[PDB]
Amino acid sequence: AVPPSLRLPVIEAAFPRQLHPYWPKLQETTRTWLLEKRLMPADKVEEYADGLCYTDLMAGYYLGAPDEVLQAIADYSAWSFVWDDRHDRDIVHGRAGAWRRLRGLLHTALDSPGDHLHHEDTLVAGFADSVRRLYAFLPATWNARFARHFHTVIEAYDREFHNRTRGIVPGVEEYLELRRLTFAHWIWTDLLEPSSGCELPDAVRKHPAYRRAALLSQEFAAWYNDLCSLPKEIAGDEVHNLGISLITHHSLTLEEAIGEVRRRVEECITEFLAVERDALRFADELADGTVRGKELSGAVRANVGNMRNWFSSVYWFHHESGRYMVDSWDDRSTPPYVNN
């Protein structure tokens, strides 16, 4: 049961949850990876990692992925949560130089991950290990696209560092643009492709129905995170959240902002249902009788199916994960799973 202020009946009724069969092995393998890569202290891994549910989030999303593809994705995803925590702590503690150096190393490791597998910063070496594995599944054209997208993500994190150090809350529209980058919309969208075993040609993945379905899946996920992570973000002096932009720039009360975010999330669902029909019609059109057409049709169908799965995976993750349970913490501003 989800509390009424966060409950989305359409998700519960029309987006049934799915779980990849590799999940039990994935859970342990990513936990071990966090420990062995020294991304979290051993005691925090043992106490918190499984309860954070990072592998459950990916195993409810990339259905049909080969096990080793899912493992690379789950390691990258867990890494990205640890990176969000590092970024937050660098801001809180005023470590502008350490953040700037990490930012530069991530840009370089993204282009040459093999070179960084044994870097002295374990966060950099862990990133490089997951990215090198992701780069082994599809042609180098996909790797170049992943890199282009992630360079843009790193710079969005840098912009968040500057906003928080200056005490600036972005306006609503500025925030919505930024959030497509800090949530890594295009990375999750890129990762659909190794999960279904096919790099999609530009003409296919830029078809308006594919693009719009991909966008709406991510807008839902990011704004639902904003809705559910608002309490811990207020407690932590985080400024990046649609609800915070609405309160700051449109004078909404907390209750009014929650209602507005919820309505925007709900609309993403029914806009997605409409565009999903068009995206699946496009998948049917790709099945032109040829072998390549069958492959592309099947890949698009699998990808759109996972765009749909993201809704339910993200929904349930926010109720299951210890990451958001601010009411349980000794210090609401310092989650117990971060290294402070």
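In this text, residue numbers run from 1 along the sequence as written.
Taking the mean C-alpha B-factor of each stretch as recorded, 201-209 and 134-142 are not equal, and the higher mean is that of 201-209. Just going by the entry, 37-45 versus 64-72 on mean CA temperature factor gives the higher value to 37-45. Across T253, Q218, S80, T152, the greatest Cα temperature factor reported in the deposited entry is at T253. Residue-level inspection of the entry shows that, of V239, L230, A214, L176, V239 has the top Cα B-factor. Among the modelled residues of the chain, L286 sits in the highest third by CA temperature factor in this PDB entry.
In the PDB entry, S328 places in the highest third of its chain by CA B-factor. Among all modelled residues in its chain, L191 ranks in the lowest third by Cα B-factor.
Sort the modelled residues of the chain by CA B factor and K294 lands in the highest third. Ranked within its chain, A13 lands in the highest third, by CA B factor from the PDB record.
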